[PDB]
Each structure stands twice: as C-alpha cells, then as structure tokens.
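Asker: So that we are looking at the same thing, I have put the structure below in structure tokens.
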4 protein chains.
Amino acid sequence: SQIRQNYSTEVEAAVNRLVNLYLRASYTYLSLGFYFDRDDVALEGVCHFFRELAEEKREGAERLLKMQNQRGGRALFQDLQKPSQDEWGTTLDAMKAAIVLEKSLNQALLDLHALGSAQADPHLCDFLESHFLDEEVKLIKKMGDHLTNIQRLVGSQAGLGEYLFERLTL
Amino acid sequence: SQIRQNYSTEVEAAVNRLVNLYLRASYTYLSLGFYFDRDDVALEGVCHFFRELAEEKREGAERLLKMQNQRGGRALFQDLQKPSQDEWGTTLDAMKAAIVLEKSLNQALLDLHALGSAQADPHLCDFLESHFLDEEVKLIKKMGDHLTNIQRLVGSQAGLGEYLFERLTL
Amino acid sequence: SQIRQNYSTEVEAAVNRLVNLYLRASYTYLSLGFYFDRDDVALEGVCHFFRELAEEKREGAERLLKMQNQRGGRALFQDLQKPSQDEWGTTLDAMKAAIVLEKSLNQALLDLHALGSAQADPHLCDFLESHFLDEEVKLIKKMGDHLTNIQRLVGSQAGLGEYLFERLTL
Amino acid sequence: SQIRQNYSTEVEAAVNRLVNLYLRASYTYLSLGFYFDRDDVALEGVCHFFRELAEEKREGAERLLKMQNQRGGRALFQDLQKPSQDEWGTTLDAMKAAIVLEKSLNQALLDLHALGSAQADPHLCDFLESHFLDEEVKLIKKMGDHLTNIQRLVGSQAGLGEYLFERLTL
Ligand SMILES: [Cl-]
Ligand SMILES: [Cl-]
Ligand SMILES: [Cl-]
Ligand SMILES: [Cl-]
Ligand SMILES: [Fe+3]
Ligand SMILES: [Fe+3]
Ligand SMILES: [Fe+3]
Ligand SMILES: [Fe+3]
Ligand SMILES: [Fe+3]
Ligand SMILES: [Fe+3]
Ligand SMILES: [Fe+3]
Ligand SMILES: [Fe+3]
Ligand SMILES: [Fe+3]
Ligand SMILES: [Fe+3]
Ligand SMILES: [Fe+3]
Ligand SMILES: [Fe+3]
Ligand SMILES: [Fe+3]
Ligand SMILES: [Fe+3]
Ligand SMILES: [Fe+3]
Ligand SMILES: [Fe+3]
Ligand SMILES: [Fe+3]
Ligand SMILES: [Fe+3]
Ligand SMILES: [Fe+3]
Ligand SMILES: [Fe+3]
Ligand SMILES: [Fe+3]
Ligand SMILES: [Fe+3]
Ligand SMILES: [O]
Ligand SMILES: [O]
Ligand SMILES: [O]
Ligand SMILES: [O]
C-alpha cells in the first residue's frame, strides 16, 4: 500500500474481527427488535429501542471499515453467526442479554486500544477514543439504568410492570 | 349492461354478500363503541377505537358498492342483522370479539379472491388486493397486539389494568 | 397464534429463507462498496452505488420480517454466509457479479410467489407484487444498462473507460 | 515561565522543528501550485489543489505555534529551505512528491507523539491527536486515491488522462 504507515498487521486483523463483532451485534439487535414486535409479545417501545441499536452497531462497523481503508488496511469479511437465541423472554431478560453483549463489545474495544498502545499507533487509539469508547460507556449506563427500572417494576405484577416500562420510559 | 365485461353473476352475488358483512361489522362496532361510552363502563379511548372501526367498515362497504357499479353489477341490499351481543363485557372480551369479527371478514375476502381467481377475474382480484386484504392483515395484527397487552395487564388488578390500557395505549 | 390465518408453514419457512438471502445480499454489497473505496481502487461513485444497494437489501429484509410478524409467522434467523469474494476485480466484474446476485434474489421472489399461488395466499402474492418484484425488475434493468455502458467503454483504454463511467454515470 | 508545567525542553524543541517542517511543506505546495499555473502546464484544478494545501500547512504551523505559547514554550524560527524541485513534472509526479511529503510530516507527528508519551505529556498527545494525526491520515488517503486515478488514466493517451483528471476530479 502506497499510503499505509505505522499500521501493523496485528491491528489490521483485530479491526477486521471488531467489524465482525459489531455486525454480529447489529444482527442480534435486529432479532431482539422483531421478537418484541411479535403479536404475542407486542412491546413496540422495546422493539424500537432494539431496532435503533441495530442501526448504531451497523454504523459502528461501517466507521471501522472506513477507518481500515483510510489506514491502507484490507477489509476481510467472515460468516456472521446468528444471534444466540431465537426467543428473548421478557424485557428484563432482553436488557440483560443486551448489557452482556455491549460489555463484550466494550472489552473488544479495550483489547484493541491496548494493542494499539503496545504497537505505538496513536491514530488507532484516538479513533477508538473519539468514536467508540465514550458511546459504549454512555450506552451501558443507559442499559444499566433501564435494567434497574425494569427490576424495580417487576416485583409483583410483572405484566403490569413490563407494560408501564414500555409506555413511560421507552 | 352496456359496460359489464368478464364479471360473473357468482362474483356479483358474492360482492353483495360481502357488502352486507361489512355493514353488519360497522353496526357491531357502533354498538361496541356506545357500550364503552356508558356511564357505568366509561372507557372513552375504547369507545373511540371502536367508533373509528365502525367508520372504516362502512367505508369498506361503500368502496365495494362503488366497485359493483363500476363493473356493471347490481347492488342488492338485505336486512342487516343486529350485533351478536347487547353488552360487551370487558375490554378483553370486546377485543376478542373484534378479532373474531375481523377474521370472519378476512375469510370472506379470501373466499371472494378464490372465486375471482377461479372465474379469471383479475380486476376483482387486484381490487381486493389493493384495498382490503392488506388493511385486514394490518388491523388484525394491531388487534392481536392490543389483546396481548390487555392480557398482560389484567393479571392481578384487572380494573387497574383496563384503565391503564385505555389511558396509555388507546 | 391468535392472528395467523391462511399462512402456511411452507410460506413461513420460505419467507425466513428469503430474509437470509436479502441480508446475505446486503452483506455482499457492503463488501463491494468498501472494496471500491480502497486507496488502490478509488472509484467513489462505484462505492456509493453499492453502499446504496446494501441499504436497499437490508430494507428488503426488514419489510419481509415485518410482514412475517403481521401474518403471525415466526422470524427465525440463520448464519449469514460471507460474500463470495474478498476482492471484486474491475467495475465490469463487480456489475456482472451484482446482476447474478439480483437475478438469484429475483428467482427466489418468483419461487415464493409460485408457492403463495399454490397455497392460495393472495396476501403474500400481493405483498411480493407491490414491494419486491417491480423493484427487482427496475434494478436489474439499471444494472444491465450500466453493464452495457461499461463494456462499450472498456474496449481499448480500459482504465480511461472505468474512470469516465464512474465520473459521468455514477 | 510562570505558566509552564509538565512541558519538557525536548518537546519544546521538537515542536519548533515540526513548525519548520510544516512551513517548509507550505512552501513546497506554493511552488507546486504556481508550477501548475504556468502557461505551458496550465492545469488550474491541480494548481488550486496545491494552493489549498499550502494554506492548510501554514495553518498547521500557526496552530503549533499557538500551542507552544499556550504551554509556555518559546517559538524559535530557522531558515526555511526551498522546495526540492523547481519544476514538478506531470500531475502523477507531483502527487507522488506530495504523498512522500505528507508521510514525512506524518512520521514527524508520530515521533513527537512518541516523545510526548515517553515524557508523560498527555496534553501534547491529545493536541496532536485532535488536530493533526486524523487530518494527515485523511489527506494521505485522498492523495492515494488521486494517485490511483491518475495512474489508471495515464496508460495510453497520457495527455488526455491528465486533462480529464484535472477537469473531472479536481
Ligand atoms: Cl511504517
Ligand atoms: Cl364477457
Ligand atoms: Cl386458516
Ligand atoms: Cl513541572
Ligand atoms: Fe434510527
Ligand atoms: Fe449513530
Ligand atoms: Fe441512530
Ligand atoms: Fe444514524
Ligand atoms: Fe492516547
Ligand atoms: Fe487521546
Ligand atoms: Fe374518524
Ligand atoms: Fe378509511
Ligand atoms: Fe377512518
Ligand atoms: Fe375515513
Ligand atoms: Fe393477481
Ligand atoms: Fe442511502
Ligand atoms: Fe428504499
Ligand atoms: Fe435507499
Ligand atoms: Fe431508504
Ligand atoms: Fe395476484
Ligand atoms: Fe396482484
Ligand atoms: Fe482556501
Ligand atoms: Fe484548515
Ligand atoms: Fe483551508
Ligand atoms: Fe482555512
Ligand atoms: Fe492519549
Ligand atoms: O446513528
Ligand atoms: O377512513
Ligand atoms: O431505501
Ligand atoms: O483551512
């Protein structure tokens, strides 16, 4: 590559794997979204929340791919595994699965940051800082908040709690 | 008829019966609507939902009648039977009765489509496709959703659930 | 399902497979798009054309999933295979691969239409008619046109032809 | 200096040398710009591209000088060497010389970042991250793209290719 400079093969590979993880996450959110749109689940606000996250994760992958091209790396795509479940249980179960997912993306972002630091690649480090690490921290906080409110609600009267959360928070 | 072309007597008759079914449905919804406006039921949002459906069904009948005239068929009207109940129970009972009603209209629309197909009447088929079959599918989905939410709500505290559904969904 | 009516398991399954094919197509277009954004390929208009198609195919899948929920079917997601190539050659090679892809989606849409017809499912038939079959026909025509123009251009002076196509058509 | 804090003499010196390199680059671009404005070269779009880069590099130097004052360092200016050529050959030759130049600025920015990291100077590191490293990466990508397009064009018919690039890309 005429342009490639200070961009290790190790970072390039890790960026490709991070793209796969974000597309996998987007796919998980698409599945969570359409589950909550089932006539026998019918929580539109929960569906809308997850459809929006499917879009953000897809945009995450696209920014990574653009960055990969800008540094002179080569995008390589792999099979995208299907989501870990076909049915996602209650809003509580789903929001728990979403926090697990986001923390695993976050950890992957931190691992890549560590690698960039080890390879003295400040451009990589700054690009993760600017566009990924703060968004993940904010999102995980918002999910933790939602989780707390769902739990407080689904003490007695679980059905009533799920409905009220969907109507008044989402 | 100077204009009538490729329009069987079998289709004409079935269109007249479909008009009767839509007017009967409109009448059912008028009765459901005013039941929920009773001072001893007093669920305004439920009343408004059914009054709106009374209007859509009436419009359904009018489009069918207009189509019948456009093809050179002859509208024939019959007695309209009164609704199947005088009192409609809870929001849950009503929404169940409404889904039963809509599925019976839907089936009548499918039977007429089958007949149009058998008679090689693509105009009839397209007119049902365009104006009736998709609307019924969307409406039945919306009713199934409402039904799911009512059920989730009326676990314990049935009165509280019915109130919240009316206030926050309808 | 309280709502499901005239929706065979055979159609439900075929809809799920069609969703997989559209997501696979979207993924192919994402890969074609970022290939043309490589510093050593650098045909921005070609990149933009394929990124737009990635978005349309994703929207295709989402409309199918919404329809599946509306009929009372159950979305099931599978692994998404990676695109058939990692590097896509010239604009000519890419546009040929895109036409092959679209014709395979089109054929899948026709097969599903045939099945809907066999199962007397006019709602399915109309939904494919309205939202998929005409778009595919228009898109394939636009790709055939592009292909003809690329070929006319890359007689002698292949590099000059590819550049001019990107600048003046895309 | 009353204000100077955590700002090593090693960083101060390196900032002064980086200022010299950016002013030298600005001067190179001024020379490239006016070469392409010669009546016997007459590629206005190429002239405009390089004049714009002369301005960006000058602005780069000014931001560095402002930063040097903000940290309590002392700007020191040195002789600015004249550009490495008096005539710059074809658009292809010029864009190659420009990529070489930018990569040498980029490397200087990375070396300074490394030094800031070694000296535990996070303000320096963040200031380079924010205002210099991403701009260089984007610019080098844009130059690599331009280079690819020029090369594709100047296969046969070099004169025709240079003209078309200037008219339709720049
Ligand atoms: Cl290097
Ligand atoms: Cl006739
Ligand atoms: Cl059935
Ligand atoms: Cl100090
Ligand atoms: Fe959105
Ligand atoms: Fe966003
Ligand atoms: Fe968004
Ligand atoms: Fe967005
Ligand atoms: Fe940093
Ligand atoms: Fe930083
Ligand atoms: Fe109205
Ligand atoms: Fe209407
Ligand atoms: Fe209306
Ligand atoms: Fe109206
Ligand atoms: Fe038809
Ligand atoms: Fe778009
Ligand atoms: Fe679209
Ligand atoms: Fe679009
Ligand atoms: Fe769109
Ligand atoms: Fe049809
Ligand atoms: Fe049709
Ligand atoms: Fe300017
Ligand atoms: Fe500027
Ligand atoms: Fe400027
Ligand atoms: Fe400026
Ligand atoms: Fe830092
Ligand atoms: O977004
Ligand atoms: O309506
Ligand atoms: O779209
Ligand atoms: O600038």
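Residue numbering for chain A follows Swiss-Prot; the residues present correspond to positions 3-172, in that order.
According to its header, the structure was obtained by X-ray crystallography, 2.0 Å.
Each Cβ is built from the backbone N, Cα and C atoms, and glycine gets one as well.
Look at Swiss-Prot and you will find A:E54, A:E57, A:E58, A:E61, A:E64 tagged as Fe cation binding site. For A:7-156, the entry in Swiss-Prot reads domain 'Ferritin-like diiron', with the evidence type sequence analysis. Taken from Swiss-Prot, the feature region 'Catalytic site for iron oxidation' covers A:54-61.
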Asker: Go through the binding-site residues A:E57, A:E58, A:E61 one by one and keep only those whose Cβ is less than 8 Å from a Cβ of chain C; report them in sequence order, or 'none'.
Answerer: none
Asker: Given A:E58, A:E61, A:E64 as the binding-site residues, which ones have a Cβ positioned under 6 Å from some atom of ligand 5?
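Answerer: Qualifying residues: none.
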Asker: What are the sequence-distant neighbours of A:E57 (Fe cation binding site), meaning same chain, six or more residues apart, C-beta distance under 8 angstroms?
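Answerer: Non-local contacts for A:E57 (Fe cation binding site): A:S28.
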Asker: Would you count the other C-beta atoms found within 10 angstroms of the C-beta of A:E64 (Fe cation binding site) for me?
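Answerer: The answer is 18 other Cβ atoms.
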Asker: Can you give me the residues near the recorded Fe cation site, meaning same chain, not A:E54, A:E57, A:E58, A:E61, A:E64 themselves, Cβ no more than 8 Å from the center of the site's Cβ atoms?
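Answerer: Filtered neighbour residues, in order: A:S28, A:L55, A:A56, A:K59, A:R60, A:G62.
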Asker: Out of the binding-site residues I have (A:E54, A:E57, A:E58, A:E61, A:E64), which ones have their Cβ sitting under 6 Å from ligand 6?
Answerer: A:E58, A:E61
Asker: Can you tell me how the residues of the region 'Catalytic site for iron oxidation' (A:54-61) break down into helix, strand and coil by DSSP?
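Answerer: For the region 'Catalytic site for iron oxidation' (A:54-61), the helix, strand and coil counts are 8 helix, 0 strand, 0 coil.
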Asker: For A:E58 (Fe cation binding site), what residues in its own chain, 6 or more apart in sequence, show a Cβ-Cβ distance under 8 Å?
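Answerer: Result: A:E137, A:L141.
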Asker: From the DSSP assignment alone, can you count helix, strand and coil residues within the domain 'Ferritin-like diiron' (A:7-156)?
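Answerer: Within the domain 'Ferritin-like diiron' (A:7-156) the tally stands at 116 helix, 1 strand, 33 coil.
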Asker: Within 10 Å of the Cβ of A:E54 (Fe cation binding site), how many other Cβ atoms can you find? Include all protein chains, please.
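Answerer: Neighbour count, Cβ to Cβ under the 10 Å cut-off: 11.
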Asker: Please list, in sequence order, the residues in the chain of A:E61 (Fe cation binding site) that are at least six apart in sequence and whose C-beta is under 8 Å away from its C-beta.
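Answerer: Sequence-distant Cβ neighbours: none.
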